[PDB]
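Read through the structure below, which is laid out as structure tokens, and then see the notes.
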Amino acid sequence: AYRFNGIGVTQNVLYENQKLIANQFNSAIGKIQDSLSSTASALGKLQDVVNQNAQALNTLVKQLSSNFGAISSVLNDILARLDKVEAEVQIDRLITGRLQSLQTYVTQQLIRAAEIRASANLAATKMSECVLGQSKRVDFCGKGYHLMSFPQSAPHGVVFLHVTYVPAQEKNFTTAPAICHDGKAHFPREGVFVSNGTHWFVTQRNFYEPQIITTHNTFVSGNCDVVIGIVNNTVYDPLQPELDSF
Amino acid sequence: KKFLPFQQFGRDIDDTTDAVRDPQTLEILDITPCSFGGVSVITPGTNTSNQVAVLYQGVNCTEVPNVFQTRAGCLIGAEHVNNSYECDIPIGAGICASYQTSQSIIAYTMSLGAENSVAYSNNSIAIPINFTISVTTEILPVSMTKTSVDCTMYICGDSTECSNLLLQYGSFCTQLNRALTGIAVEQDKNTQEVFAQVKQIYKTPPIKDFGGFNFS
Amino acid sequence: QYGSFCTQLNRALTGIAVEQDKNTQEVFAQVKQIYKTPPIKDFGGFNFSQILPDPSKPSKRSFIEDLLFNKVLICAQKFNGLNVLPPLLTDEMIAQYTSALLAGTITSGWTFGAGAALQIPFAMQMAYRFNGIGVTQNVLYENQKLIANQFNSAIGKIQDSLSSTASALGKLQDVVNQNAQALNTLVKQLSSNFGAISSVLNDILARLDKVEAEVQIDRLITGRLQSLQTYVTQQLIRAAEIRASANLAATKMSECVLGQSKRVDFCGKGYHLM
Ligand SMILES: *[C@@H]1O[C@H](CO)[C@@H](O[C@@H]2O[C@H](CO)[C@@H](O)[C@H](O)[C@H]2NC(C)=O)[C@H](O)[C@H]1NC(C)=O
Ligand SMILES: *[C@@H]1O[C@H](CO)[C@@H](O[C@@H]2O[C@H](CO)[C@@H](O)[C@H](O)[C@H]2NC(C)=O)[C@H](O)[C@H]1NC(C)=O
Ligand SMILES: *[C@@H]1O[C@H](CO)[C@@H](O[C@@H]2O[C@H](CO)[C@@H](O)[C@H](O)[C@H]2NC(C)=O)[C@H](O)[C@H]1NC(C)=O
Ligand SMILES: *[C@]1(*)O[C@H](CO)[C@@H](O[C@@H]2O[C@H](CO)[C@@H](O)[C@H](O)[C@H]2NC(C)=O)[C@H](O)[C@H]1NC(C)=O
Ligand SMILES: *[C@]1(*)O[C@H](CO)[C@@H](O[C@H]2O[C@H](CO)[C@@H](O)[C@H](O)[C@H]2NC(C)=O)[C@H](O)[C@H]1NC(C)=O
Ligand SMILES: *[C@@H]1O[C@H](CO)[C@@H](O)[C@H](O)[C@H]1NC(C)=O
Ligand SMILES: *[C@@H]1O[C@H](CO)[C@@H](O)[C@H](O)[C@H]1NC(C)=O
Ligand SMILES: *[C@@H]1O[C@H](CO)[C@@H](O)[C@H](O)[C@H]1NC(C)=O
Ligand SMILES: *[C@@H]1O[C@H](CO)[C@@H](O)[C@H](O)[C@H]1NC(C)=O
Ligand SMILES: *[C@H]1O[C@H](CO)[C@@H](O)[C@H](O)[C@H]1NC(C)=O
Ligand SMILES: *[C@H]1O[C@H](CO)[C@@H](O)[C@H](O)[C@H]1NC(C)=O
């Protein structure tokens, strides 16, 4: 009730639809298994991480079998195949070759590990806003108005489940920015003036729920000669009838 | 181009032997290297099909040795369907190929989704009447695999006659073994930052009364 | 003999290019489906004659887009070993995604980001964007005619800040220079002895026998390898300072554009409207 109340819908939407809402979410988890049960490309991002790191080592290891300009590729070979004074010139070519092959591997890690420090810092931010509370940053926690989330572990990573609220069947209606009763304008306290064509109503902006234009849900300012789109209509008052009841 | 009476060997930008005169006569010629480009193979799943198309990059189709010259190159082995669908294997400049129905590789222009207008009016409002709670996933990397490499063994295969030479190069090893250790410590810090935001461990009660919401 | 040095470089640069396509697709392609404004225009006095696309124009760029396009050897590099691949989304498509975002933002409010694109009159919407920065709705309608003029004249001046002043587009113009700075520094490296006796392989090949050419050629190769790695490393780093710029634009395009943002001094300087 107090997480709907954070995305502009009242609490009465929840309880008056509690049994339906539970089923909508319970069945939602039903499908999320199948998006992972057989489809394997869902976990693309992590699986791409492991390949790249194991790609480096193999490229690093095979470098140990290159002449680099020397006459062989095994130190024990060249050590047991030439005297002391002439081996240094050959061995030099190997060392400078392998140094270059090792720096180049380290530099990648220095860079690549800095593209993941920018991923954890983006996860630690979501886990502190999406999970530990409700976030209103549009399209940060989900796609639609955000409700809640659930962390789930994974090998070298983390998986979220952004529960989200999304509207449905939309009905077009005639509007008016204001309503003039006795010259005085009338603005909605919170809502949009709406009409089916017959009678006028005021509703919240995210769930059709008509109400009568009473003086409680309305507040006035000035006379109706300066706004555009002003319409003529009555404004019901509830403080009159109980007086007449006497 | 015009050469003063004492000019050949026009470098003409940086170092390239561009337009040059000749012996036996006096003619100001020009030089341009022969056409070059990098071929690339666009193929669907190997199990799905063995037919492949070839994209010669950045060359006129008239110098290749059912072609369709695109802004990227000279694609050979695909039919230009006017039809517009979603991209499957991006080529470039707005051409995306795919394996569609017999069965072959086609190529076309990308379609940036569908099209519609909106019924905007001076006094018209739209209000939804229902909702669909939905569940999505986003899947974030957190840490690499903590690794390390001792230099003086990878470089010198346990040869003292090699370690003696390696010492002369200064402190190259110390730098690498410091950088990789820093990386590993950072990985531990990473994995501790994301999850350890709660000070103290909880647990659900043995009974479950959440209002109809199954978290089984 | 030097192992798989080439494979590494041609893998890194290809990764960079794929990342650039992903970047340009992340910022703009946030709307699933293309919209368009109705032929009639009744937004309450608010004149968008300069940002909405102009049909009487070869491409669909609007006026400001034309101005920005105007405010910003090409082939000698190609000959040695280089090239330039074309982007995936050409200018026409990019200038079409943007039209959708402007088209949706004015007739839908924000609800075209959450679910289906609802329809709302513009003068109604600004009432519910004032209401998000602590002022009531009555401030708007009781000042509607004045407010339109304040904004319409505001767009009047934004042309002149771009019509003649050219240092406004400093950031992008600085990007192009740096990249073209690298290639020229890379290309001129092809004319250095590096310790050898010449700088042209065809020269040294046609000026010495087989057995003695290898020692000279070695000095050239190790020299040019070092000159190529050093260029690649810059791109690996520099392209990682732009992945942190797109990710900052994709964040603004999802909060500033597709809704109202209350992060102080994120979308503007002052209370944000649209
Ligand atoms: C709301 O009702 C008032 C009262 O009928 C309207 O005021 C009249 O306006 C017409 C011109 O449109 C004049 O000819 C009448 O003399 C006015 N009557 C008066 C002053 O009492 C007003 O126009 C109506 N507004 C709308 C939106 O229908
Ligand atoms: C809102 O949507 C829900 C889910 O589609 C509707 O609930 C179903 O409505 C159909 C009839 O249209 C019934 O046969 C089902 O038994 C209902 N339950 C579910 C969850 O499937 C609900 O009626 C819709 N409400 C409105 C206002 O249209
Ligand atoms: C919106 O502003 C444009 C100018 O940016 C107006 O277009 C001009 O209108 C005048 C007067 O009709 C013409 O003489 C010009 O030739 C028009 N073109 C331009 C680009 O200068 C346009 O009329 C304005 N629209 C509204 C709704 O006021
Ligand atoms: C939470 O959902 C799970 C999965 O749907 C339910 O597990 C099923 O439990 C029944 C027995 O009640 C078994 O017969 C099924 O085989 C289980 N799995 C399947 C495939 O549905 C679990 O019971 C649910 N918890 C509650 C309290 O509803
Ligand atoms: C237009 O709106 C009116 C609102 O009054 C609808 O009329 C209804 O009014 C009462 C409920 O407020 C009830 O008596 C009925 O549900 C209904 N019909 C009658 C007899 O007035 C009306 O249906 C709407 N539709 C039209 C005709 O445009
Ligand atoms: C609103 O109008 C649009 C355009 O005519 C239409 O597509 C949509 O279905 C309408 N919605 C309803 C059901 O009122
Ligand atoms: C010089 O060259 C020209 C063109 O080859 C030739 O016609 C002419 O006979 C030559 N004269 C000599 C041999 O000096
Ligand atoms: C390719 O060469 C032909 C013949 O010279 C020419 O007509 C054509 O314009 C060139 N380029 C293209 C776009 O095919
Ligand atoms: C709305 O429609 C037109 C403008 O498109 C004009 O008659 C007037 O501004 C409005 N009329 C109504 C029915 O309120
Ligand atoms: C083809 O599909 C099968 C079954 O999904 C899969 O195992 C195989 O790896 C695929 N090969 C491709 C995509 O070339
Ligand atoms: C469709 O027609 C166009 C010419 O209008 C042609 O260029 C294109 O190749 C055709 N594609 C097919 C065969 O569907």
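So for chain B, numbering is Swiss-Prot's, and the shown residues are 557-621, 641-676, 689-803, in order.
Here the Cβ of each residue, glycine as well, is placed from N, Cα and C on the backbone.
Swiss-Prot lists B:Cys617-B:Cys649 (among others) with the feature disulfide bond. Within the same chain, residues at least 6 positions away in sequence whose Cβ sits under 8 Å from that of B:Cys649 (disulfide bond) are B:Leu611, B:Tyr612, B:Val615, B:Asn616, B:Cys617, B:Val620, B:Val642, B:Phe643.
The annotation disulfide bond is assigned in Swiss-Prot to B:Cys662-B:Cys671 (among others) on the grounds of experimental evidence. Around the Cβ of B:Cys662 (disulfide bond), the number of neighbouring Cβ atoms within 10 Å comes to 18.
With a 10 A radius on its CB, B:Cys760 (disulfide bond) counts 19 other CB atoms from all the protein chains. Look at Swiss-Prot and you will find B:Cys738-B:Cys760 (among others) tagged as disulfide bond.
Within the same chain, residues at least six positions away from B:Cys749 (disulfide bond) with a Cβ under 8 Å of its Cβ are B:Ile742, B:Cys743. Per Swiss-Prot, the feature disulfide bond maps to B:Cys743-B:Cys749 (among others).
The feature N-linked glycosylation site is assigned by Swiss-Prot to B:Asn603 (among others), with experimental evidence given as support. Mapped onto three states, the DSSP output places B:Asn603 (N-linked glycosylation site) in coil.
The N-linked glycosylation site annotation in Swiss-Prot covers B:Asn616 (among others) and is backed by experimental evidence. Secondary structure from DSSP puts B:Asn616 (N-linked glycosylation site) in coil. Counting Cβ atoms from all protein chains shown, B:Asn616 (N-linked glycosylation site) has 11 others lying within 10 Å of its own Cβ.
Applying an 8 A CB threshold to same-chain residues 6+ apart, the list for B:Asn657 (N-linked glycosylation site) reads B:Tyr695. Summarising the annotation, Swiss-Prot assigns N-linked glycosylation site to B:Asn657 (among others) and lists experimental evidence as the type of evidence.
The C-beta environment of B:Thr676 (O-linked glycosylation site), restricted to residues of the same chain at least 6 apart in sequence and closer than 8 Å, consists of B:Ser689, B:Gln690. The O-linked glycosylation site feature in Swiss-Prot is assigned to B:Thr676; the stated evidence is experimental evidence.
Annotation note: B:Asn709 (N-linked glycosylation site) sits in a coil segment as assigned by DSSP. Taken from Swiss-Prot, the feature N-linked glycosylation site applies to B:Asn709 (among others), supported by experimental evidence.
Per Swiss-Prot, the feature N-linked glycosylation site maps to B:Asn717 (among others); the stated evidence is experimental evidence. In this structure, B:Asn717 (N-linked glycosylation site) belongs to neither helix nor strand by DSSP; it is coil.
Per Swiss-Prot, the feature N-linked glycosylation site maps to B:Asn801 (among others). Around the Cβ of B:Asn801 (N-linked glycosylation site), the same chain contributes no residue under 8 angstroms that is 6 or more positions distant in sequence.
For chain C, the nearby recorded positions by a Cβ gap under 8 A, listed in sequence order, are B:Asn709, drawn from B:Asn603, B:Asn616, B:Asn657, B:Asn709, B:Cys738. For ligand 8, the nearby recorded positions are B:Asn616; that is, of B:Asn616, B:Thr676, B:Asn709, B:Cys738, these have a C-beta under 6 Å from one of its atoms. Here the Cα atom of B:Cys760 (disulfide bond) is found 48 Å from that of B:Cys662 (disulfide bond). Shown in sequence order, B:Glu661, B:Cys662, B:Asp663, B:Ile664, B:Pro665, B:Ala694, B:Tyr695, B:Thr696, B:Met697 are the residues of the chain, 6+ apart in sequence, with a C-beta less than 8 angstroms from the C-beta of B:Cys671 (disulfide bond). Taking each of the glycosylation sites B:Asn603, B:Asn709 in turn and counting other Cβ atoms within 10 Å of its Cβ gives the largest count for B:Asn709. Around B:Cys738 (disulfide bond), taking its Cβ as the centre, 17 other Cβ atoms fall within 10 Å, counting all chains. Cβ-based crowding with a 10 Å cutoff singles out B:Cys743 as the top-ranked of the disulfide-bonded residues B:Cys617, B:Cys743.
Chain A has no C-beta under 8 angstroms from the C-beta of any of the recorded positions B:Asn603, B:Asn616, B:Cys649, B:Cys662, B:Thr676, B:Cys760.
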